[PDB]
Amino acid sequence: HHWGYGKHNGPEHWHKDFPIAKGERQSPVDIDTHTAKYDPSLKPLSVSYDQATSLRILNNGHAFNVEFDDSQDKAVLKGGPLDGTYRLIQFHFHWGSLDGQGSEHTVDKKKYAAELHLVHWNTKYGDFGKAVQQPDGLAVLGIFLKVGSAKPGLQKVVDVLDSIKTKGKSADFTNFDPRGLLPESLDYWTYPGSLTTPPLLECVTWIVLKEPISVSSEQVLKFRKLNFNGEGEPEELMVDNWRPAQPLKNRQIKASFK
Ligand SMILES: Nc1ccccc1NC(=O)c1ccc(NCC(=O)NCc2ccc(S(N)(=O)=O)cc2)cc1
Ligand SMILES: [Zn+2]
């Protein structure tokens, strides 16, 4: 009886195995755009993905992860609110059963169809497992998805999903360029928070881009054909794999822009 997104094991249950679910810096949150303060001391984000080395795509039973070689400084995030250098390890998405829900963060209570998370770890902690034990261990770049025009740089991801339909399936996934998933603007909001899935560790500097990317209805439909279940288990569509907004508590969201 492991955590998930169903009636009996969904986000309102997680606190029983992971009491930090009710902690002081949980994610996601609603971004109230009128209360976020412009911080003119915040630097432009530096997204350096030209040498990124993707390896593999994995269905882990709660999303799919595109994994990268993080054994050297090849794809790094720096600048913005960050001190030092954060290495890209994986990206994944959260999405809905319907185009009106799926994002984890919300903007003035608006839900997007999906949310991309580019996960990075602070190189001063040496590995990801050490970094998640630190309050500044991770930097997650969050990008909203809205349904409209197709995102051409997403299609290589969409087309491999048939090969990883069920929990525990993986496929080689080399030479994928994550620059093709970024919007034009790197204007962002930032706040201190957590992993949005168990173990819900309070180790994340969240950086959420203001400009969504557009994906097509056909692209997001292909996400919704994935399965939470393993092969030969009853089919349960991988949809609504999002945690809702958590209390902001004693936090301020800062804006990089006016
Ligand atoms: N790599 C490493 C290096 C040295 C030693 C140990 C390791 N650890 C692993 O290999 C490993 C760690 C965790 C794991 N599952 C739970 C978890 O912590 N998920 C992360 C996550 C959850 C959530 C988010 S979100 N949605 O962006 O907030 C973003 C990220 C599975 C595998
Ligand atoms: Zn995520």
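Residues numbered from 1 in each chain as written, not as in the entry; some residues may be left out. Chains lettered and ligands numbered in written order. Heavy atoms only, no water. Residues with missing side-chain atoms left out of burial classes, pairs and counts.

The chain is annotated in the PDB entry as Carbonic anhydrase 2 of Homo sapiens. For this entry, the PDB record gives the title as "human Carbonic Anhydrase II in complex with N-(2-aminophenyl)-4-((2-oxo-2-((4-sulfamoylbenzyl)amino)ethyl)amino)benzamide". Among the UniProt annotations of the chain, the heading Subunit (literature references left out) holds the following wording: "Interacts with SLC4A4. Interaction with SLC4A7 regulates SLC4A7 transporter activity. Interacts with SLC26A6 isoform 4 (via C-terminus cytoplasmic domain)." For the record of the chain, the UniProt heading Sequence similarities holds the text "Belongs to the alpha-carbonic anhydrase family." (UniProt positions renumbered as here; feature names shortened; annotations may be inferred.)

Here, the residues flagged by UniProt with the feature "binding site: substrate" are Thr 196 and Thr 197. Here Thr 196 lies in the loop between β12 (188-193) and β13 (204-209). With residues up to four places along the chain from it excluded, the contact list for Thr 196 reads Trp 14, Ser 27, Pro 28, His 94, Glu 104, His 117, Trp 206 and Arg 243. Only 2.6 Å separates the side chain of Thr 196 from the side chain of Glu 104, close enough to count as a polar contact. Topologically, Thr 197 is positioned in the loop between β12 and β13. Given a relative accessible area of 15%, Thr 197 falls into the buried group. Sequence-distant contacts of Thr 197, that is, excluding residues within four places in its chain, are made with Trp 3, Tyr 5, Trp 14 and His 94. (Helix = DSSP H or I, 4+ residues; strand = E, 2+ residues; numbered from the N terminus. Contact = heavy atoms within 4.5 Å. Polar contact = N/O pair within 3.5 Å; in protein donor to acceptor, adjacent residues only side chain to side chain. Buried < 20%, exposed > 50% of the residue type's maximum accessible area, 1.4 Å probe, protein only.)

Turning our eyes to something else, we now look at the coordination of the zinc ion (ligand 2). All of the protein donors around the zinc ion (ligand 2) are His 92 (NE2), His 94 (NE2) and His 117 (ND1); their distances to the metal are 2.0 Å. Because the angles between the four donor atoms bound to the zinc ion (ligand 2) fall within 98 to 117°, the donor set is best described as tetrahedral. Site description for the zinc ion (ligand 2): donor spacing in sequence, H-x1-H-x22-H. With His 92 in strand β7 (residues 86-95) and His 117 in strand β9 (residues 114-122), this pair connects stretches of sequence that are 25 residues apart. (Donors = N, O, S within 2.8 Å, 3.2 Å for Na, K, Ca; no water. Tetrahedral: all angles 85-135°; square planar, octahedral: opposite > 155°, others 65-115°.)

Here we come to the site of ligand 1. Residues in close proximity to ligand 1 total 14 residues, the closest being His 92, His 94, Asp 127, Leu 195 and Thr 196. At 3.4 Å from a nitrogen atom of ligand 1 is found a side-chain nitrogen or oxygen belonging to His 117. If ligand 1 stood free it would expose 690 Å²; the protein chains cover 60% of that surface. Per element, the largest residue contribution to the shell around ligand 1 is three residues, and it comes from β7. The residue makeup of the shell around ligand 1, split by class, is six nonpolar, seven polar and one charged. (Near = heavy atom within 4 Å. Areas by Shrake-Rupley, 256 points an atom, 1.4 Å probe, with all protein chains shown as cover. Nonpolar A, V, L, I, M, F, W, Y, C, P; charged D, E, K, R; others polar.)

Here the focus is the UniProt feature "domain: Alpha-carbonic anhydrase" in the chain. Residues annotated in UniProt with the feature "domain: Alpha-carbonic anhydrase" correspond here to residues 1-257. The distance from the first to the last C-alpha atom of residues 1-257 is 44 Å, and the span holds 7% helix and 29% strand.

Moving on, we get to the pattern of salt bridges. Under the criterion given, the structure shown has ten salt bridges. Among the ionic pairs, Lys 249 bridges to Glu 24, the shortest N-O distance being 3.8 Å. Of the two residues, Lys 249 sits in the loop between α3 (217-223) and β15 (254-255) while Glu 24 sits in the segment before β1 (30-31), which places them 225 residues apart along the sequence. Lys 169 serves as the salt-bridge partner of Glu 231, at 3.3 Å between the closest nitrogen and oxygen. In this pair, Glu 231 is assigned in the loop between α3 and β15 and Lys 169 in the loop between α2 (155-160) and β11 (170-172), connecting sequence segments 62 residues apart. For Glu 231, a relative accessible area of 63% gives the class exposed. (Salt bridge = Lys/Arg side-chain N within 4 Å of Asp/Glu carboxyl O.)

Attention now goes to the side chain of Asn 59. Checked against the element boundaries, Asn 59 lands in strand β4 (residues 54-59). Here the side chain of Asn 59 touches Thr 166 through a polar contact of 3.4 Å, landing on its backbone oxygen. Dropping the residues within four chain positions of it, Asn 59 is found in contact with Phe 64, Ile 164, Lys 165, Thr 166, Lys 167, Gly 168, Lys 169, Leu 226, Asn 227 and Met 238.

Let us look at the nonpolar core. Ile 57, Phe 64 and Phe 91 are the most contacted members of the largest nonpolar core, which totals 48 residues. Elements with a minimum of two residues in this core: β5 (64-68), β7, β9, β10 (138-147), α2, β13 and β14 (213-215). With five residues, the top contributor of residues to this core is β7. Apart from the residues within four sequence positions on either side, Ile 57 is in contact with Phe 64, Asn 65, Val 66, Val 157, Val 160, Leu 161, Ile 164, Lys 169, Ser 170, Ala 171 and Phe 173. In terms of nonpolar packing, the next biggest core, distinct from the first, is built from 23 residues, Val 119, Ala 131, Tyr 191 and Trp 206 among them. (Core = buried A, V, L, I, M, F, W, Y, C linked by side-chain atoms within 4.5 Å.)

It is worth spelling out the pairing of β5 at this point. Here β5 lies mainly inside the structure; five of its five residues are buried. Of the pairings in the sheet, the one linking β4 to β5 comprises five bridges and is antiparallel in character. In the strand pairing of β5, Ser 54 is matched with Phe 68. What sits between the antiparallel neighbours β4 and β5 is a turn of four residues, in which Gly 61 has the positive phi angle 90°. (Pairing = 2+ DSSP bridges.)

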